[PDB]
Amino acid sequence: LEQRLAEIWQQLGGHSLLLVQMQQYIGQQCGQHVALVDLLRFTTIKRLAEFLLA
Amino acid sequence: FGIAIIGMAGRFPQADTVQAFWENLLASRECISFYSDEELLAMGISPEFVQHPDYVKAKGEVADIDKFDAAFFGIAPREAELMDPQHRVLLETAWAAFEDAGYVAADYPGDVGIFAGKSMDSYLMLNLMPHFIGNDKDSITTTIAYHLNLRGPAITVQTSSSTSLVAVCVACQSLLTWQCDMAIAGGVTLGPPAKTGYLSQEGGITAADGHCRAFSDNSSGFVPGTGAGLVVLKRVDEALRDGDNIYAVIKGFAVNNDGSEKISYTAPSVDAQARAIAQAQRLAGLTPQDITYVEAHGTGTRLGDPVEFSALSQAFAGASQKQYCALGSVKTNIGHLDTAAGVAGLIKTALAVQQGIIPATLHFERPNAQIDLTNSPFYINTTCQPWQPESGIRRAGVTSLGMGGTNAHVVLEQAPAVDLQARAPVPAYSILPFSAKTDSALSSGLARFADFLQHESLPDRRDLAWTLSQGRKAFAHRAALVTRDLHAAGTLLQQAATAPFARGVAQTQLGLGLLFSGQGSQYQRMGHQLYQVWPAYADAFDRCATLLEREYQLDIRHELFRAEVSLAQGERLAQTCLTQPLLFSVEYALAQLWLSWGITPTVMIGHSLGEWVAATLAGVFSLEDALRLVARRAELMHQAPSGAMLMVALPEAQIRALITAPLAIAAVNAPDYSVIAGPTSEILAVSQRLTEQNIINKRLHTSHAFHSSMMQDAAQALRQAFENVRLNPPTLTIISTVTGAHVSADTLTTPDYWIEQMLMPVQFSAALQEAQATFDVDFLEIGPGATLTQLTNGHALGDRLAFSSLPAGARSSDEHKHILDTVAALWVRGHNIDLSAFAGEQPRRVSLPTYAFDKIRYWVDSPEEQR
Amino acid sequence: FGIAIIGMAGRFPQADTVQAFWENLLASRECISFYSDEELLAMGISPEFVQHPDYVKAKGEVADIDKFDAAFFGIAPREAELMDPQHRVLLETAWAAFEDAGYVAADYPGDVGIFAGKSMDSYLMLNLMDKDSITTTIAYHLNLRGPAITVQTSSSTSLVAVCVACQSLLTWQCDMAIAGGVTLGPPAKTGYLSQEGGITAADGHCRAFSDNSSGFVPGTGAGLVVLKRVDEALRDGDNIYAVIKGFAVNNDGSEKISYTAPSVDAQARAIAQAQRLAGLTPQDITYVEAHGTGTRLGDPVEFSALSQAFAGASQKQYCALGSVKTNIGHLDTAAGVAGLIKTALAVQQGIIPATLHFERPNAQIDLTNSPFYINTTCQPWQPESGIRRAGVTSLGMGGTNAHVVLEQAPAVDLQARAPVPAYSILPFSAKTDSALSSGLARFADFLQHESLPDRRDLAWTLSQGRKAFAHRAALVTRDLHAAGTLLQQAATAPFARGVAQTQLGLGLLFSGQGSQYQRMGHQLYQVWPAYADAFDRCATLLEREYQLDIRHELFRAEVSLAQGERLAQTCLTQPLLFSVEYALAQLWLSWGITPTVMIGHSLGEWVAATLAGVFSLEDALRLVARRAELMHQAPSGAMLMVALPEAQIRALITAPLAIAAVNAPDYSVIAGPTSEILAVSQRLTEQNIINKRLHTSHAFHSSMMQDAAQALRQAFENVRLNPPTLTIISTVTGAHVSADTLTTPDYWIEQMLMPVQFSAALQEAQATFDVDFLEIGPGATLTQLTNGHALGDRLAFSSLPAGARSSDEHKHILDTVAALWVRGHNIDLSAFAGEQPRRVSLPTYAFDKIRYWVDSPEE
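So the protein sequences, as listed, match chains R, V and D. Numbered according to the UniProt record's numbering, the first sequence spans residues 1494 to 1504, 1520 to 1562. Numbered according to the UniProt record's numbering, the second sequence spans residues 6 to 137, 150 to 884. Numbered according to the UniProt record's numbering, the third sequence spans residues 6 to 134, 153 to 882.
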């Protein structure tokens, strides 16, 4: 999911409305829809992708 | 182990006690007050904020922010206009918190400590522009600690929005490591704009409709509110051997922080709120199947709400049961308080633990999109609802979070059950004392038990009137009440000073004076009620009876107590053979009783029989020798022949001049009153011819004519009886009767004084313009009637009175109300009665109405908005 | 019980450390500045006050208040202008209090609590024309996960915060706390307007406990300490300044004439309780700090409280006295933690400092009957018993009295430690180039003292305490005094200096056969244990299954020139050098090295094969000796290195001789028979080639050993080989390995005859990787060959010195470690310090100064 989410943020300070977009994007490509509370971690995409992968 | 929460106090929005808070949660009322368009453009707010689409003009507000009663504490009215309005209200709340526990701060044996927290100083735009250095967030608690004599630690903890529940979590460690012995720990939030709105934002934290819905899918934000509130804490092994009221027993606490394991500076965390909760519940000793009521923060924001629910479901992970634990919020009812909002939930949970009823959460229809109630162990009420768990013991938990992060979780077990039937029963009557430093704060404190006592919510009379006597301080303007049932007293206290109970200012009065009574005023059921109630009267009465059983044959406690009521029993004791020693024993037993309640006598007069016991209260001779003299004297003076009596209403010189016969003067009492005596025919001769004069002449109804001219032989015989015994110099300032003046060392030591006592006329009037001249004293009778106290206030005793001790014959069953009315009428004047011996067997305290302060405006009038 | 004090920092008037504030207390200096009428008038102070009949112009002053380092912590240059200067200074002082204990805040095993005060917000007067959030910013920027309370007490805040932190740590709320206070004001250029009967002195000096007392003088400051249980302190091995043994707080509520007048009984309950808690009697206390504010009412009451609380002693005039407010001045939220720093130093050293401004005692004070006296010269301190105790008192406006009994740190037995390692790496590291160029010099000025801290305890505070950052540098020293003059010059550096990169992989060259020496690998065998455990088994096998024995010819053979060329024979050189290369590459794996590619050069395949997993140890070792024996029985040979490329060397090769090795595009080796090789060389005399013989009696990689590998063809014992694991690049083909090209018995037989074309292997590795190279072999021959290439800004490092430097192995391997570490690799420097190291106070990070300030209409 690492290079995938790398290119996803190639498509950062955390705004409180981008959470809806990043919640919506997960639902089709990987069909996971991870909880929004679990999407509320840090302001990163690559390092947050690393940590929330493993 | 535990830390009890003994008393509470507050001043919330649209409720000004903690029994108007608990009658606005139970009725499920919305306490938020909406405004108009005219209530803002007259309170000096700008015309650009108003008339704005999203300018929500709601706030949950308190009424009187500018009402201090300065003179109660000693503050001049220029150090009252130079105080932050959050200092005055925390003073008037820190007084009522110590009065809702039945304690006084100033005279507790241990130490007392205050750990509170101030809000943002908003008086730096109200007082700074006109004048002002010396009132910042640092000296709230020393001002609370100086005016009430608090001699423990005095700190100001200052976390951001959980100040009020970090203060409790410091004061629960200060007690548990013995820094102090009783604490007090709260917060405050009050500001000059009590009438203001808020420009709400689409995407912010402020609710754009006015209402604060918590855990609902229509959540918009919160709404700002103001308040106050303080509690009182004490160790749970020192709140069980003293008998206080315990609301709840705090069993665990923890305080933490986040620290850069989140998004931003202001963004919540989950991994720290799941550690505060699961350290509180593991320090307490519990397990998450037991916490039945959890008080979430529940502020009503967008992201602040699924984070908190996730944190709760993470920490309740061990419980394998479905939908068994409540969840709620306060901030739907009263809005969001800012700094005092950790303790306004601690009050609600610590009351709902004690009563056993979970109040209702307003504004709740459907859960949020990111929450599943049905697959989690929580549920949300909407109607008020009873509470009883499966295990039988109710437990709880309150949580508050701060801006930086504090996660203050506390755990509140139910107070243990008590044993209220092992107490010995209530006493027959009790005194209810009410004292207040000014008159207008006494009338409004009397019209405040009017509404308390006429409910069906009312405590015992033994646990009340030990909170009103031992649990407050006795100020000047005091009034008291002796009652049997409380509803009638509630009716009596509301009739607004057209009522029969004691009243009046109390000054110093260092010393009380004693009037001792004479013959002829006794009755049948006399001295019976006090014998089987009080121990000192019964003990000191018993010694006088047992000695005279030992050395004579008259049985006492037979004719007064156990003998049958008849006509012949009335005149059996009215004979002179029995009337002397019974009356002496009664007056000595009553004197012994009145000393133990805290009376120091100064002057001790007599009237024809009070010399024989006013002497022995000065210790001039022993009690045994006193009884051996009095019984001998009464037997020796009984065998004299027939005599008579008369009362004449003419002065002493006129009777000593205008008499017809050589008749001896028996007694001089008042300057309208004297008694003449003589033989059984000459008195009848002068009485009938004086009736023709139409000057009044009753009799005294005695077979022997005392103080006449035929008692030399018996007097010399008892002088021969005198010289076996020995005497002593006196102690107290007796004045005499036949001499008309004071008493020296050898005045009572001479055996001839008791000889001339029976022959010379006793002159009561000359002993009573001299006593009130050399002393300035009130007079308390010790005697079986009310004759002397009717005579004594008939003189020129200016602004002094006289009181009795026993009922006047006809009210012979009021010997337990009449003395207890004398006590409550002496205590109003200022005397040193301790009203704690009239309490009961073993009392506890109860929450009673506090002091009723005055209300004076002290403001700079905000010149900025005045222009 | 107890609470140790294990580190501290601060910023006082006319100082910037604690280490340079003790030097002003021992020298007995007055730090109150004295301004002028022209140093003050242009700074905005109104002219109705300078022209006053009485406006005393004297004030303590901290140096710089408007100097933040916004980019260290991440704070933007707009969020920085809107901080009170008491946040921007308590943020940097809290960092330098944690670098001073020897720790790093954000990585402690337990959790860390903050408890700090503040003062009145005077910069928010500039923001117009909040005290809750001082100790949350300091606990979020530094990742502190314990309690975070802003304990504030009227003029006693500093000491009360220490008495709340010691309340938390003793009942296990947190595990290592921090507890201070801060008081500074935006202008810092004011007088103070003394008035008659007022509490401020009208000449300019505090005069504590003296006849000419008239007031105090205001000040500014900062300063924090760091606490811990005496249990973990004596186990982690920190530096203990003092052991706080008792504490007490109360108040004199209502027992005061007015609000502000002091009392005598509540300053005696505190002093009796603070010593009844710590198990002491008045006689055991020797130094006693006082508040000593030098005011008319406050001085006889302080001496009265002290005499009444100390009245149980049977001696006269033994306990000392003093007050720090003569040197610096009085200011709230300070002088209690500042007067705790001064007493905490003086307990550790043994020196009671001076007391300024004292000739005659006060009228209402009689010292001679009481156990107190007052110094004026900086006397030494030795009690009549062995142990030195103390006491610090600060009193608040409301009357919050705090007494902290200090005890002496328990002594340690440092003689039982094993001696210091022979060398040590000193690493420094900083976020910006300037913050390394300026923090390099403070370790020169620290190191130009005498009686310096131990060299073992100076690597395990710099690799264990100073946080690792981007820009680095590293030295390999053995005497600290030489390191002082080394660090004194910056750009003339003989030490490894550079920026850091990712570097999560390393590539491993291996060496040839003709560059060894004697006494080789002797320093590493005794100092490090992994080399002694990997030299074993390799040597053990050859002293259990053959006649010979490996360890005699290196560490126990007599040094001579006869045995200098005994190992030049092929028979006992191959297993010797294979054993050395395997032992060295085993040691390099215990310092945390992740190898990616493992190329060889004519023997390095045979050991990279072992370390990959294709060969077992005994399988690989059993037959290298047999290969050497079969290879030594060849008749004759010689080599000749011609500096011509492979496109041109084929124009003079005859039938028997051929290419022996191809290493570089300006390098080739030719092997063959000695008469024919000498004929080729005499042909090459006039071709202007600098031309050499490689000193070898055989002709490897040529057509003369078709017979040597035949005993290998039959003696392979059909041994169980294994597919490879690590990404070996071969040198006989010129590309990667396949999973089945390496485990066929034909491959090693073909490998013995076919030449080596190492250069194309390096071009392949540089093409498919961007990797720094580490040679593993006894010499420096395959490093300049690798650096003579197109390696754009990548280098290759050796592992042993250039042949004849056989006493410099143990400095050259530690000079390769300190050159790999600078570029970013994950060498751990914790394994190079000694046995049982402790921590030591050192100069901290050097935050640079850039100014953010909001302008007044006046300033």
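The beta carbon of each residue, even a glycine, is placed where N, CA and C say it ideally should be.
Drop a sphere of 10 angstroms on the beta-carbon of residue i, count the other beta-carbons inside from all chains shown, and report buried for 16 or more, exposed for fewer.
i	result
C401/V	exposed
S457/V	exposed
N262/D	buried
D234/D	exposed
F870/D	buried
Compute the Euclidean distance between the alpha carbons of residue i and residue j, then round it to the nearest angstrom.
i	j	result
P210/D	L45/V	40 Å
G530/D	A121/D	51 Å
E787/V	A200/V	56 Å
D642/D	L564/D	11 Å
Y163/D	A85/D	16 Å
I11/V	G242/V	26 Å
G7/V	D307/V	17 Å
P517/D	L509/D	8 Å
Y605/D	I622/D	14 Å
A732/D	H624/D	19 Å
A758/D	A734/D	29 Å
residue 140/V	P394/V	Here residue 140/V is not present, the numbering of chain V passing from 137 to 150 in one jump.
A14/D	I267/V	39 Å
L590/V	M543/V	11 Å
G115/V	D198/V	6 Å
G204/V	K154/V	12 Å
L207/V	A245/V	8 Å
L852/V	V249/V	26 Å
Going by C-alpha to C-alpha distance, which of the options sits closest to residue i?
i	options	result
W551/D	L607/D, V877/D, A516/D, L577/D	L607/D
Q526/D	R817/D, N132/D, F26/D	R817/D
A413/V	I713/V, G345/V, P476/V, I70/V	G345/V
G660/V	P688/V, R673/V, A694/V, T809/V	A694/V
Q859/D	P442/D, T194/D, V415/D	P442/D
The segment 323-336 of chain V touching the segment 280-290 of chain V, judged by at least three CB pairs closer than 8 Å: yes
Determine, using beta-carbon pairs with one atom in the segment 61-79 of chain V and one in the segment 221-238 of chain V, whether at least three such pairs fall under 8 Å. yes
Run through the segment 186-273 of chain D for me and flag every whole beta strand (DSSP E) of 3 or more residues, listed as ranges in chain order. 201-203, 247-252, 265-273
Is the segment 767-774 of chain D touching the segment 793-813 of chain D in the sense that three or more CB pairs, one from each, lie closer than 8 Å? no
Scan the segment 538-586 of chain V and note each continuous alpha helix (DSSP H) run of 4 residues or more that stays entirely inside, going in chain order. 552-568
Contiguous beta strand (DSSP E) assignments of at least 3 residues, all confined to the segment 686-720 of chain V: 690-694
Three-pair Cβ contact test at 8 Å for the segment 102-110 of chain D versus the segment 485-500 of chain D: yes
If you pair each beta-carbon of the segment 496-504 of chain V with each one of the segment 468-479 of chain V, do three or more pairs fall below 8 Å? yes
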